[PDB]
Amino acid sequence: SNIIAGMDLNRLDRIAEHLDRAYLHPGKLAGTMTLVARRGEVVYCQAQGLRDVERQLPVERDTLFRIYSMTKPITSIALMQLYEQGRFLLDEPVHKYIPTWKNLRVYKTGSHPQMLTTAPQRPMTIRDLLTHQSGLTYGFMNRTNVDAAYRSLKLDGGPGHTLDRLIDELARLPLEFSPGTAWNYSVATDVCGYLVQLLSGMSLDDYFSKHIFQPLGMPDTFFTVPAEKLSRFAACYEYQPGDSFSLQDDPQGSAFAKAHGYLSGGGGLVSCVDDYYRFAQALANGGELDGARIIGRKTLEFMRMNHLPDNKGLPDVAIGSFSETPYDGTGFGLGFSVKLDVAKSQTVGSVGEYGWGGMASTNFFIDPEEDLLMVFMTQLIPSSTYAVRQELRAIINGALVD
């Protein structure tokens, strides 16, 4: 009956019905913003529930969200813009650009600050940073003496924390493994942000603004929410037992509203669905939207390939929660996950489906076989809580009536 770009709109209304019945009415999520587009046409756009439960404020199309690690693909594009200019090669050692990192060694044993280390088989490369194969980690991993050291030095964030500090402190810490020999989610992408600053001579907020946000028409994407846009800023909620949630970040008096001087290429950005849609749609088009190009078509193709050894999936190389069943049949390129094997993933989709998510359960994907994309925004830490991103794929794929 009502069909746009080979999608049945009546079937897509199942998105709203599902989010109501499974998340909003039972009080598992505060509110959602969902956008679906196919062949450059927005076929679905729905705000549901509340951006701020305490103040009884609804989710609107223009609501601002902490996108967290959905920052990573933006940083990754920023650095590959410089690749396109001949500025570095992926197989170059990081220490060429960060000479204090030349003597990075691998964790053997001991607690910070008396950690013993072994020689790595080879130096860390830029490709290792872009693929989380460098041996770096994250404080929040809470798994090893290396991430214990990150937490004691506040490398994930803290008062006075800057990228210059992150790089200075990382120069003196051990890696989890010899670069390239495993996969571990990490501050690597914050380091990628540091390299964008080093190579461009710009601060990461200015690079992003000049080379990505202004050209794509993304006026509502920033590291610091301006005072006049704070009314639009969603609260962040965290999971509580019984599939409930509590306030985790009040938008009035948030760290995201202060210009605190850490620009996290890994998870710093606040955005909205229109801004992230324009970014995603540019990628879906081969790097161009409405006359503005943020990356070469071929460079993006390269970023979308599986960059793991021997075309393995995350579970074959990952040392954390990324080794679990939901990452079965999914690889990783230069800042995107890549679906390798649909049946193995146990989730409907296409080979080559690429995207990433945020800690607060934000998610996007681009299916290059179907010319289809989704941007999903909510604020519920952590993103491991619910499989809503998989239920949305079920509904969206189910609406294809080609």
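The numbering used is simple: start at 1 and walk along the sequence shown.
When 364 to 372 is weighed against 331 to 339, 364 to 372 comes out higher, by mean CA B-factor as recorded in the entry.
When the mean C-alpha temperature factors of 198 to 206 and 185 to 193 are read from the deposited coordinates, 198 to 206 comes out higher. By the numbers in the PDB entry, the CA B factor is greatest at 114 among 178, 131, 114, 145. Taking only the listed residues 278, 102, 127, 105, the entry reports the highest CA temperature factor at 102. Residue 274: CA B factor lies in the middle third for its chain, per the PDB record. In this PDB entry, residue 56 carries a Cα temperature factor that places it within the highest third of its chain's modelled residues. Annotation for residue 169: CA B-factor lies in the middle third of the chain's modelled residues. Annotation for residue 5: C-alpha temperature factor in the highest third relative to the rest of the modelled chain, per the entry. Ranked by Cα temperature factor within the chain, residue 70 sits in the lowest third according to the deposited record.
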